[PDB]
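Trainee: Sequence, then the experimental structure. Questions to follow.
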Amino acid sequence: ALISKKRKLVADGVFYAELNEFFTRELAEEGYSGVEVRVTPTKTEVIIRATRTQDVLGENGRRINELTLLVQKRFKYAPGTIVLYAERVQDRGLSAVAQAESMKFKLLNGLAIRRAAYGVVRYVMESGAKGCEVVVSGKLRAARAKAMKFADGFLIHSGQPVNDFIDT
Amino acid sequence: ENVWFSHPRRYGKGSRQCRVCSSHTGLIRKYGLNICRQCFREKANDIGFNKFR
Amino acid sequence: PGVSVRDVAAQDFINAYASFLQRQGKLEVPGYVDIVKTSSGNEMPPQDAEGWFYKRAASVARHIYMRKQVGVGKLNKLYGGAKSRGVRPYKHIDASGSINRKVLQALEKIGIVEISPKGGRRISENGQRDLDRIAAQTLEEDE
Amino acid sequence: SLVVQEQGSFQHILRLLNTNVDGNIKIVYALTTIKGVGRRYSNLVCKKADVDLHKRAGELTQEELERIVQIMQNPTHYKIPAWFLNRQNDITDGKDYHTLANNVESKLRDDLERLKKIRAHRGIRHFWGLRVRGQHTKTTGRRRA
Amino acid sequence: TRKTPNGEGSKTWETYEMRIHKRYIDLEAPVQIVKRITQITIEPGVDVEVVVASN
Amino acid sequence: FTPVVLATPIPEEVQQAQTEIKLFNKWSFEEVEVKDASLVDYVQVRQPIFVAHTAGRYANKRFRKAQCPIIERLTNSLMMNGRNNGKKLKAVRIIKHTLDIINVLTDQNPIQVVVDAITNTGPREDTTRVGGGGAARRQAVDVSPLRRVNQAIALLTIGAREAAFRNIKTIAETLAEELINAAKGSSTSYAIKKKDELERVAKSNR
Amino acid sequence: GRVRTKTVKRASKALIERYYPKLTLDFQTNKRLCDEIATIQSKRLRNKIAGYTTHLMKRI
Amino acid sequence: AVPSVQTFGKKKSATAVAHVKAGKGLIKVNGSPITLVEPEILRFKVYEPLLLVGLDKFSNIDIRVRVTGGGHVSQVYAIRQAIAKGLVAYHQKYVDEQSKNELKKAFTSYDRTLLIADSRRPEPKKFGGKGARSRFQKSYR
Amino acid sequence: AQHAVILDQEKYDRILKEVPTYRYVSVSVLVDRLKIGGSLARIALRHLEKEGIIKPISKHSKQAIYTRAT
RNA sequence: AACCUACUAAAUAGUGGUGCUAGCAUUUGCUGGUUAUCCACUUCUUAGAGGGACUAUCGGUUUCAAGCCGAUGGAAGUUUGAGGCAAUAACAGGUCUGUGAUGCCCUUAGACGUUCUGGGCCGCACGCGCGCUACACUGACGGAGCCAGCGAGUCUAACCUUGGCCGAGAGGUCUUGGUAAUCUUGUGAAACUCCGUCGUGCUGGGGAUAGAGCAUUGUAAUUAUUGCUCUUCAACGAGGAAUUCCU
Ligand SMILES: [Mg+2]
Ligand SMILES: [Mg+2]
Ligand SMILES: [Mg+2]
Ligand SMILES: [Mg+2]
Ligand SMILES: [Mg+2]
Ligand SMILES: [Mg+2]
Ligand SMILES: [Mg+2]
Ligand SMILES: [Mg+2]
Ligand SMILES: [Mg+2]
Ligand SMILES: [Mg+2]
Ligand SMILES: [Mg+2]
Ligand SMILES: [Mg+2]
Ligand SMILES: [Mg+2]
Ligand SMILES: [Mg+2]
Ligand SMILES: [Mg+2]
C-alpha cells in the first residue's frame, strides 16, 4: 500500500484502461461493451457489461472462472479478493461500442458496405435514437483510398452536449 | 547460465518503456503512469484526464 | 514611550547595530574575513573589508528577531543574489553557509540568539533586550 | 570621505614586474593591468598589504609598493588560501604557484607544449587551432583565427 | 502534450487535466455504528478511508 | 494648520501640507494654467495627486488617454528603451529629481514649466504621405490636440534619452535640461528643433 | 457583437405574443416571469430572453 | 469587547486584511507604523486616505493591517484600499450613515479605486508564444 | 586618464572661489566645470557641506542637488 | 479568472478573547513567543449550493429597425477577459521511427532478428533559421530592504528535503518532517527599492577563448555532463538591404 492519492487515482485510471483493453480484445465475439469496478471491503469487484452472458458464463460456470483467474493472476489478487460479474446491457442499439464491433462483424462476415452501414443505422435508429452516424474509412477492392459517411436523423456536433449526448 | 546477454538498465531512456507499446520514446512519466504521449491521448479519457480548458 | 525594532526603519537600525557592534569590540570574526566572497552568485567580496561582518550580523539579528525560528539554509537563501552565469541567463543561487552559520555562532556566543527548539536560531532574551534598546537609541538620534 | 592636498609626492605611472601601470587610478584596479593579476587577487593582496584602498595607484609609498610585489609572488608565505592560486599543484614538482606578469605567457605555452609533446587530444586540437573544451564547431566561430 | 504523433506541423499543444476532490469528516461514535455506517454507503469511485487514534 | 497626533506619529510638514493644500510631491497645483488655447482638456492639472503613480485604466477606451495627469504621462513615457520596460518607480524618482532641478533654475512652478515645454513643442501641422500617383507628395495636415501632446512627450523624452546616453549627466539633468530649454523654444533642445522642422516641411509642400 | 441570436429574439417574440398581461418594463420581474413561465435550460440564456422581452416591450 | 470591524484590499493577488477597533489611534502595518511601508516613493499612496478624510478621523480607533501575496506595488495598493474600505466600514456600523456617505463621497471624488477593488488579472499565455498575445517568431524561408 | 583624478591645491581653492552663481551643483555639474573626477567630485559634494556654500535640497545616490548660501 | 460582512463549515485554512510568557515603556499601552490551556467567530483562505449581467438606466446616432455611440451605475459592459468544444468538403500536407494498427514488397542464421564491446550522430573552409548574452551611468559593482503565483514530491524505496556542525565555494556529514493544504515551503525567486564605490576612458561595461585546481551524477565524463576557485580579458561603441510579434 502507501501511495500518494494522486498516484493512486491516476493508477486507477490506468487500471481501468488496461482492463477495458483486455476485455475489448477477449470478448469481441460477444458484443462486450464496457466495464465497471466496485471497490469494497473484503472483495474487489468487476462487472462485464456485454450483450451475451451465456457464452461468457461458459459450461457449468467456466470461462468467467478463466477470465477471473487471468485478471487475478496479472494484478496479483489473492484468490477471492477479486470478483467478476457478467451482465446484459440495455438494448445494444444505443452503445457505440456494440455497433462498431457489429459492423466489424458485418464486413468481416462478407457483406455489402452499404447494407452493413445502412442496416446498422436502421437498427440503432429503430432503438429510439435521436441520430446515428457511421464513417467507413479505408479501401475496399479498389486500389485508391476512399471513405463514406452514413448519417440519419438528428445529432449535434459541438459543445458540451457532446459530453452529454453523443457516443463515439 | 549465459553471462553474456544484458547490461545496465537502471536509468536513462533505455531502462523504462511504455506499459502499452514498449516504446521508449515520448514517454510521459508524471504521476507514475509511465505511458507514451502517443498512447496517453488515446487512453486519457478511459483513464481520467479530460478536456476542459 | 515603549519602543520595538519594528518601530525603527531598517537601514538606520542596522547601521546603528553595526556601529554599536563595532564600538563594542566583542565579536568573534572567524578570521577569513576580507578574503572571502559571501556567495557564489557574487563577483567581489564586500567593499567594507574591515567590518561588514557587523552589518551581516545586525542583518541576521534583525531578521530573526522579527520572526519565529530560522536556520542556516534559510539565511543563505535570503542573502542570495542573482548569479550572472556570463553568456547564460541569471538564476538565483544561495549564499555561503559558512558566513551565515558563523554569524549565528558569533552571536549565539555573544548571547543575542539561541538554538531554538523545533529547529533554527531563535531570538534571545538579551537579544530582544539589547535590540529594543538600541532601536530606542536610534529614535533618540531623531528627537 | 575628505578632501586631501598633497604636494608632488605621487608621480603618475610606475613600472613593476616588467609592466607599466597608470597612476591616478584606483590602486585596487591598477594592479589588474598586470598579467595573472585580477580584481580578486589584487584586492586580497592589497588587503594583506595593510594598504588603504581609498588611495590611488598614484600615491602609495615605495615601501607599500615593494610590499605588494613581495606578497604577490610569495603567496602561502603571507598566508593566502592555496585554492586562491591559479597554478596549484604545478604538474611536476607539485608546488602551489601563482604565475605572474610575463610568466603566465611562458606557462600557457609550457602547458600547451606539454600537451602537444604528449600527443593527447587536447594537444592535437591546440595544434589544429580549434576549441578544446568540446564546444560545437559546426556553426560558431568564423572569423575565428 | 503536442497534439501530433510525429513532429510536423504548427506546434499545437493540448493541456489535459484531471480533478481530484478530497474531503474528510470527523465523527465521535462507538464501534457498532461505525461498522454499520461504513459497511454500507458504498460508492465505487469514491475512495473511503477510516482512520482512528488521537496520535 | 491645527496640529493633530494620536499614536503612531505623523510628521510636521507632513501633516502640514497634506490636510491643507493637496499639493504635489511638494509642489503647488494652484495657479498654473495651460499657456495656450486648445491643449486644455488634454493637459491635466486638477484634480491633483501626490506622486505620479496611478493604477488608472487609461486604455480601455479611445480618448481616456486624455484625463491622465500630465506629469505622470511624462513619467510613463520615460520607462521604456526596452531595458527599462516597466520599472515605474525608477522613472518616477528621476521625475522628482527633475522637478527639483527645474525648480532650482529660474524659479517657476516646475510643473508649470513642464506645461510650458509640452505646449511649446506640439507641432501645429505636419506632412502625410499621399499617393497622388506613385510619387508620394507631402500634404500639410493640421494635427489634433491629443497628437500634439503625445508627439511632444515622445519627442521630449526621446531626445533627452539621446542626451543622457553615454555622458556624465543623468536622465534627470538632461530631461530637466530639455524641459527648461523647451519651456520657451530655445532651439538648443531636441524637441524645438524637431517641431520647427516639421513645421518647416509642412509649410514647404503646400 | 452584441446581437441576439434568432432563438433569443424568437422566444421573446412568442412571449410578448401571448403574455402581454404580465410582463412590464422591468427586467427582474420579466426574469422571474421566465423562470415560472419558461423552460430555459440556463441562467445566461434566460436573462438574454428577458432583457430582450424587456427591450421589445419598452418600445412597443 | 470593543466596537471593531475588519476589511480587506486586493490587487492582482495581494490581499491586505485590515482590523479597525475602538482604539487610541494607531496605524500600524504588519507590525510597523505607516511611516515606513517603503516603496517610499509610494509612501503618499497609502498616506492618501488619511489626508483625504482628515487625520483626526482615526483618533478614536485602532488600525491594524497585514499583507500577503502579490508583490511590492501589488501590496501597496492592497493596504490603502483595505484602510479606506475599513474607515467606511466602521462609520457604516458605529457612527452615522450620513457620515459614512461623506467619506465615500470624499474618497471616490478623488480615489484611485480606494473602495472598489480592481479586477484586472493576468491572461494565460497560450502556446505559440512567450506571452499571452506575443506569438513566437517565423522567418518564412 | 584625461586628467581630474587628483587635487592640485590650486584646484581646491578654485573649488572654493567658483561656487557662487551655481544654482545647481551635483556630480555632473562639477565634472562639466572641466575638472574633478566622479570619485573626487563626490568628496567635493560632501565636504562643501562641512560649512556653508551648499544647501541640501535633494537626497542621494546618482542624484544630488545643492544651492548657494542664503 | 473576476463579485458575495447572504448560506452550510473547516488544529491540514484563518480571525479576535483568554490565560503561560519575552521586550520596550511604564499611566492604560506597544511588539513577539505559546499544533491543544481553553472560549467565540469565518471578514481573510478553502470548495459546496446558490445569486449576479440581460451591454441595464438615461441620452445620442441610424431607414427612430437590427445595432452602434456617450454618460451614470456597476465586481465586471472589446463575444465580461482567457481558453475547451466545433459541421460540410478539400491535401495524394505529415506519421508504417508511438503502437502486438495494418496490405503488399524486402530480408530471415556470414540476419535487415536480437544482444555484447567501442565509436558516431557534437565531426568544420562556409551558407540559412529559433535563440541566449551584450555593447553600459533608467549602469555594473558592493552592502541593505524584501515581495508572488502555477506545480511536484519516497513501497514493497531512496523522491521532495527542514535543521545542527564541517568546508571560501561547490559540497560533505549527523539528524528530521512529509504518500502531503499538515512537511519541503510563506518555495524569504528575480528584476525591483534603498546607502554606497566607480565616472566615461573597448572603463570596474562585456565574458567569448584559454590554463591550473577542487567537487557532484554515473559502471564509465577522454572529443572536456554539470557544479565551484584563481588567472587569461577576444568580438561587440546600437547594427546595411531587408524582416518577426503585438492593442
Ligand atoms: Mg447547437
Ligand atoms: Mg460553441
Ligand atoms: Mg536483456
Ligand atoms: Mg513512445
Ligand atoms: Mg542580497
Ligand atoms: Mg590581470
Ligand atoms: Mg467567506
Ligand atoms: Mg464607473
Ligand atoms: Mg507526399
Ligand atoms: Mg510495416
Ligand atoms: Mg533492420
Ligand atoms: Mg541532433
Ligand atoms: Mg563584469
Ligand atoms: Mg544591487
Ligand atoms: Mg575593458
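Mentor: Here it is on my side, so go on. Numbering: from 1, shown residues only, chains lettered A, B, ... in the order given. Ligands and ions are numbered 1, 2, ... in the order given.
Trainee: what's the nearest residue to residue D:51 if we skip its chain neighbours?
Mentor: Nearest non-adjacent residue to residue D:51, counting by CB to CB, 6 or more residues apart in numbering or on different chains: residue D:64, 4.9 Å away. The way it works is simple: take the backbone N, C-alpha and C, and place the C-beta from them, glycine included.
Trainee: pull the longest helix from chain F.
Mentor: helix F:145-164 (DSSP state H).
Trainee: what sits against residue A:52?
Mentor: A:30, A:31 (CB atoms under 8 Å, 6 or more residues apart in numbering or on different chains).
Trainee: cool, and residue D:36?
Mentor: Counting by CB under 8 Å, 6+ apart, residue D:36 has contacts D:86, D:98, D:99, D:100, D:101, D:103, D:104.
Trainee: Residue of chain H closest to chain I, please.
Mentor: residue H:40 (10.5 Å; CB to the nearest CB).
Trainee: Give me the number of neighbouring residues for that residue.
Mentor: Counted with other CB atoms under 10 Å in any protein chain shown, residues neighbouring residue H:40 total 12.
Trainee: For it, give its distance to residue H:93.
Mentor: 34 Å (CB to CB, to the nearest Å).
Trainee: does residue H:17 count as helix, strand or coil?
Mentor: Look at residue H:17: counting by DSSP: H, G, I helix; E, B strand; the rest coil, its state is strand.
Trainee: Then residue C:30?
Mentor: Going by three-state DSSP: residue C:30 is coil.
Trainee: Please verify my assumption that it contacts residue C:102.
Mentor: Yes. Counting by CB atoms under 8 Å, residue C:30 does reach residue C:102; the two are 5.0 Å apart.
Trainee: Show me which of these two is the more surrounded one.
Mentor: residue C:102 (21 against 14).
Trainee: any idea how far residue E:26 is from that one?
Mentor: 48 Å.
Trainee: go on, residue G:37?
Mentor: Taking CB to CB, one finds residue G:37 at 46 Å from residue E:26.
Trainee: just how off-centre is stretch H:73-92 within its chain?
Mentor: Stretch H:73-92 sits 4 Å away from the centroid of its parent chain (CA atoms, centre = their mean, to the nearest Å).
Trainee: what does chain B put close to chain A?
Mentor: Chain B comes close to chain A at residues B:19, B:31, B:32, B:33, B:35, B:43, B:46, B:47, B:48, B:49, as judged by CB under 8 Å from any CB of the partner chain.
Trainee: what's the closest non-adjacent residue to the fourth one?
Mentor: Leaving out its chain neighbours, the residue that sits closest to residue B:33 by CB to CB, 6+ apart is residue A:10, at 5.2 Å.
Trainee: Which is the succeeding secondary structure element to the helix or strand that contains that neighbour?
Mentor: Per DSSP states H and E, residue A:10 falls inside helix A:5-26. Following helix A:5-26 in sequence order, the next helix or strand is strand A:34-39 (DSSP H and E).
Trainee: what's the longest helix in chain B?
Mentor: Chain B, longest helix under DSSP H: helix B:37-47.
Trainee: quick one: contacts of the host helix or strand of the residue nearest to residue D:51?
Mentor: For residue D:64, the host element (DSSP H and E) is helix D:62-72. For helix D:62-72, contacts defined as CB under 8 Å, 6+ apart pick out D:14, D:16-17, D:31, D:37, D:41, D:45-46, D:48-51, D:78, D:98, D:100.
Trainee: give me that answer again for 10 Å
Mentor: The contact list for helix D:62-72 (CB atoms under 10 Å, 6 or more residues apart in numbering or on different chains) reads D:14, D:16-17, D:21, D:27, D:31, D:34, D:36-37, D:41-42, D:44-52, D:55, D:57, D:60-61, D:77-80, D:98, D:100-101.
Trainee: what ranges do the strands span in chain D?
Mentor: Using DSSP state E, the strands of chain D run over D:14-16, D:19-21.
Trainee: Of those strands, flag the one that's most buried.
Mentor: strand D:19-21 (a mean of 15; mean count of other CB atoms under 10 Å in any protein chain shown).
Trainee: and that strand, which strands flank it?
Mentor: strand D:14-16 (antiparallel) (DSSP bridges).
Trainee: Residue F:93: neighbour count?
Mentor: 20.
Trainee: which stretches of chain D form helices?
Mentor: D:39-48, D:62-72, D:102-118, D:121-128.
Trainee: For residue A:108, find the nearest of the ones you listed.
Mentor: helix D:121-128 (63.3 Å; CB to CB).
Trainee: Which residue ranges of the chain form helices?
Mentor: Using chain A here. Residue ranges of the helices in chain A, as given by DSSP H, are A:5-26, A:53-57, A:64-75, A:96-107, A:113-126, A:161-165.
Trainee: Wait, chain H was what I had in mind.
Mentor: H:43-51, H:72-93, H:97-108.
Trainee: Do the last one and chain F come into contact?
Mentor: If I follow you right, that is helix H:97-108. No. Contact of helix H:97-108 with chain F (CB under 10 Å from any CB of the partner chain) is absent, the minimum separation being 11.8 Å.
Trainee: Sweet, I'm off.
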